[PDB]
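Protein chains in written order, with PDB author numbering: chain H, 33 to 124; chain D, 33 to 124; chain C, 14 to 118; chain G, 15 to 118; chain A, 38 to 134; chain E, 38 to 133; chain B, 25 to 102; chain F, 24 to 102.
Just so you know, even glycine gets a beta-carbon here, dropped at the ideal spot from N, CA and C.
See structure below.
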Amino acid sequence: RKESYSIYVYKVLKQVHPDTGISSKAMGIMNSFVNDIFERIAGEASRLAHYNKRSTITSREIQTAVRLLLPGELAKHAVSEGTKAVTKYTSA
Amino acid sequence: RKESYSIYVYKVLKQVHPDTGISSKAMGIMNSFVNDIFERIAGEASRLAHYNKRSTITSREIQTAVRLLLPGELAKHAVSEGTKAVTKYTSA
Amino acid sequence: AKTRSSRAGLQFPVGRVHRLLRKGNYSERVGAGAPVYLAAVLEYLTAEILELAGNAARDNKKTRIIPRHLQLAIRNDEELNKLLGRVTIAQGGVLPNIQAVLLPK
Amino acid sequence: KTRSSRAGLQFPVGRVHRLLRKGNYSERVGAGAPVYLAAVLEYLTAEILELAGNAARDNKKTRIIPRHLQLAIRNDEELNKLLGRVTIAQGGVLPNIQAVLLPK
Amino acid sequence: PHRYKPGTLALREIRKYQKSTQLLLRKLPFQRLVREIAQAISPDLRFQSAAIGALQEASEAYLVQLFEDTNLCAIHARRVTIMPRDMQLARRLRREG
Amino acid sequence: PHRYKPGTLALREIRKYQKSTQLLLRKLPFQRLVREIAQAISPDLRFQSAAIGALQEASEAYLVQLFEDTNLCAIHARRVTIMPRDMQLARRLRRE
Amino acid sequence: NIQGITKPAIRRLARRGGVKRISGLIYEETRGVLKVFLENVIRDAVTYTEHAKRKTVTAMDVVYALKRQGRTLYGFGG
Amino acid sequence: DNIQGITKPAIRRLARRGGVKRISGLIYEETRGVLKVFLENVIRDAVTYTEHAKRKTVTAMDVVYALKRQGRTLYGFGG
DNA sequence: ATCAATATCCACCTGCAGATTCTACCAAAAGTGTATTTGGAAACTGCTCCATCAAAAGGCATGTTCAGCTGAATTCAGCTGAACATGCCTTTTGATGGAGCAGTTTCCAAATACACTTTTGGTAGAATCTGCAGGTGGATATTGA
DNA sequence: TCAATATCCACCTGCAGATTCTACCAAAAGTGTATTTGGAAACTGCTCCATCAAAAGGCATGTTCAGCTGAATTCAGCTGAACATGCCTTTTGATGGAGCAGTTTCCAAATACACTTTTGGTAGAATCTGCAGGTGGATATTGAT
Ligand SMILES: [Cl-]
Ligand SMILES: [Cl-]
Ligand SMILES: [Mn+2]
Ligand SMILES: [Mn+2]
Ligand SMILES: [Mn+2]
Ligand SMILES: [Mn+2]
Ligand SMILES: [Mn+2]
Ligand SMILES: [Mn+2]
Ligand SMILES: [Mn+2]
Ligand SMILES: [Mn+2]
Numbered sequence: 033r034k035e036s037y038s039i040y041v042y043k044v045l046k047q048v049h050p051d052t053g054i055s056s057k058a059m060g061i062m063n064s065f066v067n068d069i070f071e072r073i074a075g076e077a078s079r080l081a082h083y084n085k086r087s088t089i090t091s092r093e094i095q096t097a098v099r100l101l102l103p104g105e106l107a108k109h110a111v112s113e114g115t116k117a118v119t120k121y122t123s124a
Numbered sequence: 033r034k035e036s037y038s039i040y041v042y043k044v045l046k047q048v049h050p051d052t053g054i055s056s057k058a059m060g061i062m063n064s065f066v067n068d069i070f071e072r073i074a075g076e077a078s079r080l081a082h083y084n085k086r087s088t089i090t091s092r093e094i095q096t097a098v099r100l101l102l103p104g105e106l107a108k109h110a111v112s113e114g115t116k117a118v119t120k121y122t123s124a
Numbered sequence: 014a015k016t017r018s019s020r021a022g023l024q025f026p027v028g029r030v031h032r033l034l035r036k037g038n039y040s041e042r043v044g045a046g047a048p049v050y051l052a053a054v055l056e057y058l059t060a061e062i063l064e065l066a067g068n069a070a071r072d073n074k075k076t077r078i079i080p081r082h083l084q085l086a087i088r089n090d091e092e093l094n095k096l097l098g099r100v101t102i103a104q105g106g107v108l109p110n111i112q113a114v115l116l117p118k
Numbered sequence: 015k016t017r018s019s020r021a022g023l024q025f026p027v028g029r030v031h032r033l034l035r036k037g038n039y040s041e042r043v044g045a046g047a048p049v050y051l052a053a054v055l056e057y058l059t060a061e062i063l064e065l066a067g068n069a070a071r072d073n074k075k076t077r078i079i080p081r082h083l084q085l086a087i088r089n090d091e092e093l094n095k096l097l098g099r100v101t102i103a104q105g106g107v108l109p110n111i112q113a114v115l116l117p118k
Numbered sequence: 038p039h040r041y042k043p044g045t046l047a048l049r050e051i052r053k054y055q056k057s058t059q060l061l062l063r064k065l066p067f068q069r070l071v072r073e074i075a076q077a078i079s080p081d082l083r084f085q086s087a088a089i090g091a092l093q094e095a096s097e098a099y100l101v102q103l104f105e106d107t108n109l110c111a112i113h114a115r116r117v118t119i120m121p122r123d124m125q126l127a128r129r130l131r132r133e134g
Numbered sequence: 038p039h040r041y042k043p044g045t046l047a048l049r050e051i052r053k054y055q056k057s058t059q060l061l062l063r064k065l066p067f068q069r070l071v072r073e074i075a076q077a078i079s080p081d082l083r084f085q086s087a088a089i090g091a092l093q094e095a096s097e098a099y100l101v102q103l104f105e106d107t108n109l110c111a112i113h114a115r116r117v118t119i120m121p122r123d124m125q126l127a128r129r130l131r132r133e
Numbered sequence: 025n026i027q028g029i030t031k032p033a034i035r036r037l038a039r040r041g042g043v044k045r046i047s048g049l050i051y052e053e054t055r056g057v058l059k060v061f062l063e064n065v066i067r068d069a070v071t072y073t074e075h076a077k078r079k080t081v082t083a084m085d086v087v088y089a090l091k092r093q094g095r096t097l098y099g100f101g102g
Numbered sequence: 024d025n026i027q028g029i030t031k032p033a034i035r036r037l038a039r040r041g042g043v044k045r046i047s048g049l050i051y052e053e054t055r056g057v058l059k060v061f062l063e064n065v066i067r068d069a070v071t072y073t074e075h076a077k078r079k080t081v082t083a084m085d086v087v088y089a090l091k092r093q094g095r096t097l098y099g100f101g102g
């Protein structure tokens, strides 16, 4: 009845720091953060398609938005990670 | 074909200052203004509806968005006129 | 056959406002008064900038409004200034303003 | 079976796709977009936890609290630029005194 | 008998509270302030406790990085003491009033 | 022989250029720069003339309220001359 | 109640900002800035509140009010 | 190497429009570098928009979008 | 507070480049009628949220003393503004060729809509741990001398 | 230039409050089939961009010279920091009730569709016409004294 990003974050926590945990107040912050970046990437990709007379938000809109919204080195890595994931998903 | 707010703007000009005209570069500036204020008002009314789990943008969202996005007195006048226009329009 | 704009007493195009709202990804459905209300507001703000620009154009003893006039009109209006505080008007210039300290004795 | 499994991701590709479709962003949503966006959210999330966990252990704690998140963001040149207009509740500030105010 | 040279204690308090994260204004006066201000916009209003919480976190944060900036203006004028014309410039150059 | 006291002419130039709206940097040097910067980002690129037009209106508009802010910091330190530590402080409190 | 924002509390805030010496005039000044800030945030939050036809100001109302002023806040929702 | 094309006297005019009465000799190299950074961020975003549209020409609208993204909305190139 | 030498302002002039009209199509509103949603009135149930009350208790207000900082004040080497002359390059403009736009179709690949069938993630409990927070043991910070 | 007070930093410990870790049931997420549809491909008239020639005047560059600015030094009054007593306002915790959200149910009115007509708004032409330059009389500006 009230969804959240909390379980997925925790999973990600266990990859980077298997023996470390996270308080609930810290998790609400991670949550806030995830919703924030989503709306940022979503919003910018929304604008991209609309500027181009396109009606589909594709992975290519997402990538272009990340390149706009993220600082340089951070963007390089995310674009790599995003591609790495979509290409894996095609081979299945 | 390239639609624009040009003719509508021109009419309003003749309403405030009948013997006054406007250069084309200045007209494009006004044109910019209308698109800017439109996207500000619309988008904020988008977000309002989305927070209230409502799927319809109604005039009640437009008014509240004007009350957020416009400085005090500017908004008061706009809100009266916005009201005055839908109540006039429902009677026709 | 009457224009949606005439029933509202408006000069701005209510039908276009309504179309741009629907095709604009703002929400799934659009109310019937919404574009009417919005167009009235867009029209009001346009009236307000044009009246004060027209005043500045006559003070400049011109009869055609140029961007400099729009710039003088916004920046000199306390509220319009707040509204367009992050906005650049091309070929608009800036307001005449010297800090008192820099003046002669 | 899960789209999230097929993509090599921990974030939910399915939820993302829904939030995009119901988000008034566009009429149509490509199929790779939610995979791509989920992957980016995971990456950024991974990187913050990496640095927060570290900042908690440098402090010899083993639970992440908001201070650790704050210290991690503000000490990172690029994350800080990304979240420059964001207040983290209960985060505090980075220890920083202006050199002019020191004695000597 | 020994006593802190002016400036010494203040530096020890700077290190003390940049190190910490708790709210620094007393909660009840603050709450009283929020409700007062609100009652002028509209009466009979109620507040989740977390709403006042949220208002306070935001407010103390905004005041803290304003002092960070005010301090920078005070340094720029080759002083060590912050003064009203320092906060006025700081605010002026962030568009905020 | 008759001559302007230092600053007199300076005051007269402020009045002169707050009155006008023309671009104050030379167009072709500016254009040459934009394309130089652009070519490091990506090769073989072209520009609409107004694209360079918009880039310049923007650029000057920005530098002008940066000098305004730089000037305020200068007054704040009871000087009249703008100096690097004035532009640095101004930019710091503008997000930059 | 603005006077309930006390001198030594303001001093702690400033110390968190690395302020070492403080003019006596800073405190009434600071009070005035806090008041303006609260007046603008609460007004926008209440405007979100009354739009939902509610009588209770939620945390999300405030969180939305702050995002509007360009002050994104984390730890109460988004 | 075109940055030297922003001349000392041109920068002065800009400062004059900014209400500056007196100017240090270190301001000019300082001003040039600030300008180069500004353009580098605008042009890159503008170019990102260009390449997204699979174009080879940077339009005025690319620049206007790039500027709106840095919070610098610009009027007069919309149409 | 008088003056001559300059710079600037304000209005007039005329020919034109740009602003306003004016025509003649064509997408796009408006109009009708039918097909869906939705948001809302009601009724209902808990949840919070407001308001008390009454302890300790911790933090604010007040008062005293003095360090040192800010503001006032003086002088100077050179930094920068103003003027000139010398010269370089920006600006202007008219013409051209082609690159790279948009514009038009054509047509699958990709995405949406329904309708059923699993699996997951959210919640309320059942079962766990990390710091907190004392106590007080080697260093660090501070100022008196 | 060194030593005595104090203070904070180091490491240690047993548990309440928080965090983990478990155990069912809607509601999303996934599937299967049946349609649509957006936008890539391939081609194409045409802008709009890129250069070029080059004269020609406007602006930049570099040096000289003078006045005034900013940087540096000194110094006294007085502000704001450090500290302690004492009292009060805050905090805290339990309690009680009332006003709200939040949950569902259920139809009217509102919105969306799908087509058929009806104009308005746009895009070039074809007209007007304010304003740019250029010029001559006034009035202001500024330094000199
Ligand atoms: Cl000085
Ligand atoms: Cl004089
Ligand atoms: Mn895709
Ligand atoms: Mn307080
Ligand atoms: Mn002419
Ligand atoms: Mn005493
Ligand atoms: Mn009850
Ligand atoms: Mn003229
Ligand atoms: Mn003559
Ligand atoms: Mn003349």
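Which residues, in chain order, does the stretch 65-78 of chain B contribute to contact with chain D at a C-beta distance below 7 Å? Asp68, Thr71, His75 and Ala76
Hey, is the stretch 53-64 of chain D in contact with the stretch 57-66 of chain B, meaning 3+ C-beta pairs nearer than 8 Å? no
From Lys95 (chain G) to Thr45 (chain E), what does the alpha carbon distance come to, in whole angstroms? Along the fourth sequence, one-based indexing puts residue 95 (chain G) at 81. Along the sixth sequence, one-based indexing puts residue 45 (chain E) at 8. Spanning the two alpha carbons is a distance of roughly 44 Å.
DSSP three-state call for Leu34 (chain G): helix, strand or coil? Along the fourth sequence, read from residue 1 onward, the residue named residue 34 (chain G) stands at position 20. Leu34 (chain G) falls in the helix class under three-state DSSP.
Which of the residues in the stretch 98-115 of chain A, read from start to end, lie with their CB under 8 Å from any CB of chain E? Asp106, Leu109, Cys110, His113, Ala114 and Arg115
Can you give me the C-alpha to C-alpha distance between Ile79 (chain G) and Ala110 (chain D), rounded to a whole angstrom? Along the fourth sequence, one-based indexing puts residue 79 (chain G) at 65. Along the second sequence, one-based indexing puts residue 110 (chain D) at 78. In a straight line, the C-alpha of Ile79 (chain G) is about 47 Å away from that of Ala110 (chain D).
Do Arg63 (chain A) and ligand 4 come close, with the Cβ less than 6 Å from some heavy atom? Stepping through the fifth sequence from its first residue, residue 63 (chain A) is reached at position 26. Yes, the beta carbon of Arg63 (chain A) sits closer than 6 Å to at least one heavy atom of ligand 4.
Quick check: is any heavy atom of ligand 3 less than 6 Å from the C-beta of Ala97 (chain H)? Along the first sequence, one-based indexing puts residue 97 (chain H) at 65. Flag unset: Cβ of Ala97 (chain H) not near ligand 3.
Tell me where the alpha helix (DSSP H) around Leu97 (chain B) begins and ends. Along the seventh sequence, one-based indexing puts residue 97 (chain B) at 73. Taken as a continuous stretch (DSSP letters only), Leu97 (chain B) belongs to no alpha helix (DSSP H), being part of the beta strand (DSSP E) at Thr96 to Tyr98.
List the whole-angstrom C-beta distance separating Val44 (chain D) from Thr59 (chain C), where the pair is believed to meet the contact cut-off of C-beta under 8 Å. Here the question's residue 44 (chain D) lines up with position 12 in the second sequence. Here the question's residue 59 (chain C) lines up with position 46 in the third sequence. With a Cβ gap of about 5 Å, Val44 (chain D) and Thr59 (chain C) count as contacting.
Is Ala33 (chain B) near ligand 4, in the sense that its beta carbon is under 6 Å from a heavy atom of that ligand? Taking the seventh sequence and counting its residues from 1, one reaches residue 33 (chain B) at position 9. Checking the Cβ of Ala33 (chain B) against ligand 4 gives yes.
Using a Cβ-Cβ cut-off of less than 7 Å, list which residues of the stretch 90-122 of chain H approach chain F; keep chain order. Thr96, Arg99 and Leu100
Closer than 6 Å to a non-hydrogen atom of ligand 3 - does that hold for the CB of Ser87 (chain H)? Taking the first residue of the first sequence as position 1, residue 87 (chain H) is located at position 55. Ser87 (chain H): no, Cβ never under 6 Å from ligand 3.
Nearest to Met124 (chain E) by CA position, among A:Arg132, A:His113 and A:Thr118, is which residue? By 1-based counting over the sixth sequence, the position of residue 124 (chain E) is 87. If we check each option's Cα against that of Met124 (chain E), A:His113 comes out closest.
Three-state secondary structure (DSSP) of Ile79 (chain C): Numbered from 1 along the third sequence, position 66 holds the residue referred to as residue 79 (chain C). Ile79 (chain C): coil per DSSP, three-state reduction.
Below-7 Å beta-carbon distance, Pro66 (chain A) vs any chain B residue: Working through the fifth sequence from its first residue, we reach residue 66 (chain A) at position 29. Closer than 7 Å: yes.
Evaluate contact between the stretch 30-50 of chain F and the stretch 60-71 of chain E, counting only Cβ atoms and requiring at least three cross-stretch pairs below 8 Å. yes
Taking the straight line between their C-alpha atoms, what separation do you get for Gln55 (chain A) and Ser96 (chain A)? Position 18 of the fifth sequence holds residue 55 (chain A). Position 59 of the fifth sequence holds residue 96 (chain A). Going from the Cα of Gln55 (chain A) to the Cα of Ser96 (chain A) covers about 17 Å.
For the structure I just gave you, are there three or more beta carbon pairs, one from the stretch 82-92 of chain E and one from the stretch 80-98 of chain F, closer than 8 Å? yes
Less than 6 Å between C-beta atoms, sequence neighbours within five positions excluded: which residues of the same chain meet that for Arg17 (chain G)? Against the fourth sequence, residue 17 (chain G) aligns to sequence position 3. Contacts found: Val27 and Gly28.
Run down chain E in chain order and give the residues with a C-beta less than 7 Å from the C-beta of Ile111 (chain C). Here residue 111 (chain C) refers to the residue found at position 98 of the third sequence. Here the neighbours are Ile51.
Cross-strand partners of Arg45 (chain F) (DSSP beta bridge): Indexing the eighth sequence from 1 puts residue 45 (chain F) at position 22. Note: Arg45 (chain F) sits in a beta bridge opposite E:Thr118.
So is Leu45 (chain D) in contact with chain C if we call contact Cβ pairs under 7 Å? Position 13 of the second sequence, counted from the first residue, corresponds to residue 45 (chain D). Interface residue, yes.
Find the residues of chain C that neighbour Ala95 (chain E), judging by a C-beta separation of less than 9 Å, and give them in chain order. The residue you call residue 95 (chain E) lines up with position 58 of the sixth sequence. Going along chain C in sequence order, the residues near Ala95 (chain E) (Cβ under 9 Å) are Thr101 and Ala103.
Please list, in chain order, all residues of the same chain as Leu83 (chain C) whose beta carbon is under 8 Å from its beta carbon, the five residues on each side excluded. Walking along the third sequence from the start, residue 83 (chain C) turns up at place 70. Here the set comprises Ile62, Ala66, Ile102 and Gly105.
Chain-ordered chain F contacts of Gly53 (chain D) [CB-CB under 9 Å]: Taking the second sequence and counting its residues from 1, the one referred to as residue 53 (chain D) is at position 21. What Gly53 (chain D) touches in chain F: nothing, since even the nearest Cβ is about 18 Å away.
What are the boundary residues of the beta strand (DSSP E) that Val100 (chain C) is part of? Counting from one through the third sequence, the residue named residue 100 (chain C) turns up at place 87. It spans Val100 to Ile102 - the beta strand (DSSP E) in which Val100 (chain C) sits, taken as one unbroken run.
Below-7 Å beta-carbon distance, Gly60 (chain H) vs any chain B residue: Position 28 of the first sequence, counted from the start, is the residue given in the question as residue 60 (chain H). Chain B contact via Cβ: present.
C-beta contact flag for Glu64 (chain G) and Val48 (chain H) at 7 Å: Position 50 of the fourth sequence holds residue 64 (chain G). Position 16 of the first sequence holds residue 48 (chain H). In contact: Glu64 (chain G) and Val48 (chain H) (Cβ atoms closer than 7 Å).
Can you pull the chain D neighbours of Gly99 (chain F), defined as C-beta to C-beta under 8 Å? Looking up residue 99 (chain F) in the eighth sequence gives position 76. Those are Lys57, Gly60, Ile61 and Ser64, listed as they occur along chain D.
Using 8 Å as the cut-off, can you tell me whether the stretch 83-97 of chain H makes contact with the stretch 40-48 of chain G, which would need three or more C-beta pairs spanning the two stretches below that distance? yes
Near ligand 3: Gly46 (chain G) beta-carbon under 6 Å from a heavy atom: Indexing the fourth sequence from 1 puts residue 46 (chain G) at position 32. Within the cutoff, so yes.
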